Amino acid sequence: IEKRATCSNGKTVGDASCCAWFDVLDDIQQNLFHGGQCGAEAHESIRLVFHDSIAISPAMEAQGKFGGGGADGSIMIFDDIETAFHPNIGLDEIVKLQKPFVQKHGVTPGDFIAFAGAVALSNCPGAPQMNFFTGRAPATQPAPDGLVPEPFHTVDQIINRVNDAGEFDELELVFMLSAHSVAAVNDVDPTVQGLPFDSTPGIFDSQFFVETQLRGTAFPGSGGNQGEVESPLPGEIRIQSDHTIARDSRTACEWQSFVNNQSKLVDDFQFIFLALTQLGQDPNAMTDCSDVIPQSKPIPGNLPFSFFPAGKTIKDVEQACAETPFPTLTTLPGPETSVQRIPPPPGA
Ligand code: HEM
Ligand SMILES: [Ca+2]
Ligand SMILES: [Ca+2]
């Protein structure tokens, strides 16, 4: 039973219970995201949503074991346990920055993680208009390990894991990897933190899908780290799983479909992000508080939506989609330039 209501700030929302999230919004925009930025804390918050949510397994439950609660705030509640798992490396820092907000505002940890993830995305130009539903009860048990994918897992292992967790198919796997468009890597190369996956880590766009399809020619920092392969630009990192998903015959044409197609990118990610945040939950038992999330902003300027970074042309693309040739994009002018690092807070 939802009660449409006008909050104290004058805005109308779907249920009166949503109004209290406007105070949470104001607090995290100022004190967690430094004035609404799509910087390191926003990226970490988006990563935390996946690591809290994908830890659920119908297959383990069928074996008599607890397979995890899905989107239940378990990675925050039992952080001493889940953040020690190898796939969750580096997440205790963002969990520690978020905890005080959960305590101050009296919301569940699962609902806060889903909220901060959606607000973080709304700070990145180009993001979809994000949803936010409430209702996740506090987890009562930590998830098991072995449920969050690693960059060195094969494509078959990853496809099978997301299919078990939420009945997601191989095309939906590609949809959710769009989040690597606003993201950096702090713990794979031990000599440098903050290496972005694409040349625009503050913009939700398809440069991740363009740049992962170019030929990898060098390591940005040290060579041969586990789960890392060569990348095409100085300062950019590329992980093994993204590299192989982009070239596998099952997923390569879906990976290429986002290039120069902003509306598909936004619509597909909007859809799959909402689905991840409902894992382990009953959708009809949740409350829609999407009207609290800020409107996303357009990408500023007048460059084409997708482009080759300076120094790269169609000859540097490793075409993997047999149905449709990679689109001929324009190249930015000038010499190749390094992607700038995104320094993380201490402890990342
Ligand atoms: C399906 C398989 C995936 C694998 C193997 C994977 C792998 C990784 C790795 C290795 C990192 C760097 C972690 C670190 O250095 O501590 C990373 C970062 C990131 N991942 Fe994924 N990822 C996956 C899917 C996703 C999904 C579905 C999302 C959606 C939210 C996501 C969002 C992020 C974000 C936003 C970052 C950047 C973190 C930051 O800047 O601090 N990833 N991913
Ligand atoms: Ca969880
Ligand atoms: Ca980007």
# chains A, B, ... in the order shown; residues from 1 in each chain; ligands from 1
>>> closest_atom_pairs(of="chain A", to="ligand 3", cutoff="8 Å", atoms="only C-alpha atoms and all ligand atoms", output="Markdown table")
| residue | atom | partner | partner_atom_place_in_ligand_line | distance |
| --- | --- | --- | --- | --- |
| A:180 | CA | ligand 3 | 1 (Ca) | 7.5 |
| A:181 | CA | ligand 3 | 1 (Ca) | 3.8 |
| A:182 | CA | ligand 3 | 1 (Ca) | 5.1 |
| A:183 | CA | ligand 3 | 1 (Ca) | 7.8 |
| A:197 | CA | ligand 3 | 1 (Ca) | 8.0 |
| A:198 | CA | ligand 3 | 1 (Ca) | 5.5 |
| A:199 | CA | ligand 3 | 1 (Ca) | 6.3 |
| A:200 | CA | ligand 3 | 1 (Ca) | 3.9 |
| A:201 | CA | ligand 3 | 1 (Ca) | 4.5 |
| A:202 | CA | ligand 3 | 1 (Ca) | 6.2 |
| A:203 | CA | ligand 3 | 1 (Ca) | 4.5 |
| A:204 | CA | ligand 3 | 1 (Ca) | 4.8 |
| A:205 | CA | ligand 3 | 1 (Ca) | 4.7 |
| A:206 | CA | ligand 3 | 1 (Ca) | 6.3 |
| A:207 | CA | ligand 3 | 1 (Ca) | 5.3 |
| A:208 | CA | ligand 3 | 1 (Ca) | 5.9 |
>>> residues_near_ligand(ligand="ligand 1", cutoff="6 Å", atoms="only C-alpha atoms and all ligand atoms", output="JSON, numbers by chain")
{"A": [40, 43, 44, 46, 47, 49, 50, 89, 90, 149, 150, 151, 176, 177, 179, 180, 182, 183, 184, 185, 186, 187, 188, 241]}
>>> residues_near_ligand(ligand="ligand 2", cutoff="8 Å", atoms="only C-alpha atoms and all ligand atoms", output="ChimeraX atom specification")
/A:51-56,68-75,110,139,142-143
>>> write_last_selection(atoms="N, CA, C and O atoms", output="compact mmCIF listing (two decimals), in the first residue's frame")
# COMPACT_ATOMS: atom_id res chain seq x y z
N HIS A 51 29.02 -6.47 -5.75
CA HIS A 51 29.62 -7.41 -4.80
C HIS A 51 28.66 -7.77 -3.68
O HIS A 51 28.75 -8.88 -3.15
N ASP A 52 27.77 -6.88 -3.30
CA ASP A 52 26.74 -7.24 -2.30
C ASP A 52 25.73 -8.09 -3.03
O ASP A 52 25.40 -9.19 -2.55
N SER A 53 25.27 -7.76 -4.25
CA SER A 53 24.14 -8.44 -4.83
C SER A 53 24.31 -9.80 -5.47
O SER A 53 23.40 -10.61 -5.38
N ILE A 54 25.40 -10.05 -6.19
CA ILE A 54 25.64 -11.24 -6.95
C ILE A 54 25.97 -12.44 -6.04
O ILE A 54 25.92 -13.52 -6.57
N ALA A 55 26.17 -12.22 -4.76
CA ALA A 55 26.48 -13.33 -3.82
C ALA A 55 25.19 -14.01 -3.38
O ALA A 55 24.74 -13.81 -2.26
N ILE A 56 24.67 -14.81 -4.27
CA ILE A 56 23.42 -15.55 -4.03
C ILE A 56 23.52 -16.73 -4.98
O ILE A 56 24.05 -16.58 -6.10
N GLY A 68 23.89 -17.48 0.26
CA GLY A 68 23.89 -16.02 0.34
C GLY A 68 22.51 -15.43 0.06
O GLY A 68 21.68 -16.03 -0.62
N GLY A 69 22.25 -14.26 0.57
CA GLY A 69 21.04 -13.51 0.52
C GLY A 69 20.85 -12.54 -0.64
O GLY A 69 19.83 -11.85 -0.69
N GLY A 70 21.84 -12.45 -1.54
CA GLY A 70 21.67 -11.47 -2.63
C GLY A 70 21.83 -10.06 -2.16
O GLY A 70 22.71 -9.71 -1.36
N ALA A 71 20.98 -9.10 -2.62
CA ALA A 71 21.12 -7.71 -2.19
C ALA A 71 20.55 -7.53 -0.76
O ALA A 71 19.42 -7.11 -0.58
N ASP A 72 21.39 -7.82 0.23
CA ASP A 72 20.94 -7.81 1.63
C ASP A 72 21.80 -7.03 2.59
O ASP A 72 21.59 -7.10 3.82
N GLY A 73 22.78 -6.28 2.05
CA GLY A 73 23.69 -5.49 2.89
C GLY A 73 24.71 -6.40 3.60
O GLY A 73 25.46 -5.91 4.43
N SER A 74 24.81 -7.65 3.24
CA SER A 74 25.70 -8.58 3.95
C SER A 74 27.16 -8.19 3.91
O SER A 74 27.92 -8.35 4.87
N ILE A 75 27.62 -7.61 2.79
CA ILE A 75 29.03 -7.21 2.69
C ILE A 75 29.34 -6.07 3.63
O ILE A 75 30.52 -5.90 3.99
N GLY A 110 21.52 -2.86 3.19
CA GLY A 110 21.22 -3.23 1.80
C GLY A 110 20.57 -2.06 1.06
O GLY A 110 20.89 -1.75 -0.12
N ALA A 139 20.76 -8.62 6.36
CA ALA A 139 21.20 -9.98 6.20
C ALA A 139 21.38 -10.64 7.58
O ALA A 139 21.78 -9.92 8.47
N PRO A 142 26.60 -14.05 6.59
CA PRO A 142 27.53 -13.64 5.55
C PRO A 142 27.43 -14.54 4.34
O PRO A 142 27.07 -15.73 4.45
N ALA A 143 27.68 -13.99 3.13
CA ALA A 143 27.61 -14.89 1.97
C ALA A 143 28.86 -15.77 2.01
O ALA A 143 29.88 -15.36 2.52
>>> closest_residue(among="A:117, A:325, A:109, A:146", to="residue 41 (chain A)", atoms="only C-alpha atoms")
A:117
>>> closest_residue(among="A:313, A:291, A:152, A:140", to="residue 228 (chain A)", atoms="only C-alpha atoms")
A:152
>>> residues_around(residues="region 272-276 of chain A", least_positions_apart="2", cutoff="7 Å", atoms="only C-alpha atoms", output="ChimeraX atom specification")
/A:50,53,131,175-176,268-270,278-279
>>> residues_around(residues="residue 19 (chain A)", least_positions_apart="4", cutoff="8 Å", atoms="only C-alpha atoms", output="list in words")
residues 7, 8, 13, 15, 23 and 292 of chain A
>>> select_by_dssp(residues="region 120-330 of chain A", states="strand (DSSP E or B)", output="VMD selection string")
chain A and resid 133 to 134 184 to 185 195 to 196 214 218 228 to 229 231 238 to 239 287 to 288 308 317
>>> residues_around(residues="residue 28 (chain A)", least_positions_apart="4", cutoff="9 Å", atoms="only C-alpha atoms", output="list in words")
residues 23, 24, 32, 33, 34, 35, 36, 98, 101, 116 and 119 of chain A
>>> write_last_selection(atoms="N, CA and C atoms", output="PDB file, in the first residue's frame")
ATOM      1  N   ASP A  23      17.006  13.439   3.002  1.00  0.00           N
ATOM      2  CA  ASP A  23      18.026  13.849   3.951  1.00  0.00           C
ATOM      3  C   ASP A  23      19.262  12.953   3.756  1.00  0.00           C
ATOM      4  N   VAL A  24      19.058  11.674   3.474  1.00  0.00           N
ATOM      5  CA  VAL A  24      20.234  10.818   3.195  1.00  0.00           C
ATOM      6  C   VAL A  24      20.975  11.300   1.952  1.00  0.00           C
ATOM      7  N   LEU A  32      30.172  12.217   1.170  1.00  0.00           N
ATOM      8  CA  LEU A  32      30.758  10.979   0.671  1.00  0.00           C
ATOM      9  C   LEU A  32      31.236  11.227  -0.768  1.00  0.00           C
ATOM     10  N   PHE A  33      30.427  11.919  -1.561  1.00  0.00           N
ATOM     11  CA  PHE A  33      30.780  12.163  -2.967  1.00  0.00           C
ATOM     12  C   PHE A  33      31.352  13.553  -3.242  1.00  0.00           C
ATOM     13  N   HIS A  34      31.780  14.262  -2.182  1.00  0.00           N
ATOM     14  CA  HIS A  34      32.463  15.542  -2.342  1.00  0.00           C
ATOM     15  C   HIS A  34      31.775  16.550  -3.228  1.00  0.00           C
ATOM     16  N   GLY A  35      30.481  16.821  -3.022  1.00  0.00           N
ATOM     17  CA  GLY A  35      29.771  17.776  -3.836  1.00  0.00           C
ATOM     18  C   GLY A  35      29.209  17.080  -5.088  1.00  0.00           C
ATOM     19  N   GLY A  36      28.752  15.850  -5.022  1.00  0.00           N
ATOM     20  CA  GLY A  36      28.148  15.237  -6.213  1.00  0.00           C
ATOM     21  C   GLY A  36      29.087  14.821  -7.333  1.00  0.00           C
ATOM     22  N   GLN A  98      30.990   4.203   4.181  1.00  0.00           N
ATOM     23  CA  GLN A  98      29.525   4.224   4.139  1.00  0.00           C
ATOM     24  C   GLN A  98      28.848   3.944   5.491  1.00  0.00           C
ATOM     25  N   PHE A 101      26.942   6.588   7.749  1.00  0.00           N
ATOM     26  CA  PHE A 101      25.700   7.107   7.187  1.00  0.00           C
ATOM     27  C   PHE A 101      24.527   6.175   7.474  1.00  0.00           C
ATOM     28  N   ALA A 116      23.235   4.472  -2.547  1.00  0.00           N
ATOM     29  CA  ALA A 116      24.507   5.142  -2.880  1.00  0.00           C
ATOM     30  C   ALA A 116      24.982   4.766  -4.285  1.00  0.00           C
ATOM     31  N   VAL A 119      22.775   6.895  -6.634  1.00  0.00           N
ATOM     32  CA  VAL A 119      23.155   8.334  -6.603  1.00  0.00           C
ATOM     33  C   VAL A 119      24.517   8.537  -7.255  1.00  0.00           C
TER      34      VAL A 119
END
>>> closest_atom_pairs(of="region 138-248 of chain A", to="region 335-348 of chain A", cutoff="6 Å", atoms="only C-alpha atoms", output="Markdown table")
| residue | atom | partner | partner_atom | distance |
| --- | --- | --- | --- | --- |
| A:194 | CA | A:342 | CA | 4.5 |
| A:195 | CA | A:341 | CA | 5.2 |
| A:199 | CA | A:339 | CA | 5.6 |
| A:234 | CA | A:338 | CA | 4.6 |
| A:235 | CA | A:339 | CA | 4.6 |
| A:236 | CA | A:339 | CA | 5.9 |
>>> select_by_dssp(residues="region 17-247 of chain A", states="helix (DSSP H, G or I)", output="ChimeraX atom specification")
/A:17-31,40-53,58-62,74-77,79-82,86-88,91-105,109-122,155-166,170-181,207-211,240-247
>>> residues_around(residues="residue 189 (chain A)", least_positions_apart="6", cutoff="8 Å", atoms="only C-alpha atoms", output="PyMOL selection string")
chain A and resi 221-222+225
>>> atom_distance(atom1="CA of residue 319 (chain A)", atom2="CA of residue 224 (chain A)")
24.5 Å
>>> atom_distance(atom1="CA of residue 296 (chain A)", atom2="CA of residue 123 (chain A)")
6.7 Å
>>> atom_distance(atom1="CA of residue 250 (chain A)", atom2="CA of residue 67 (chain A)")
27.9 Å
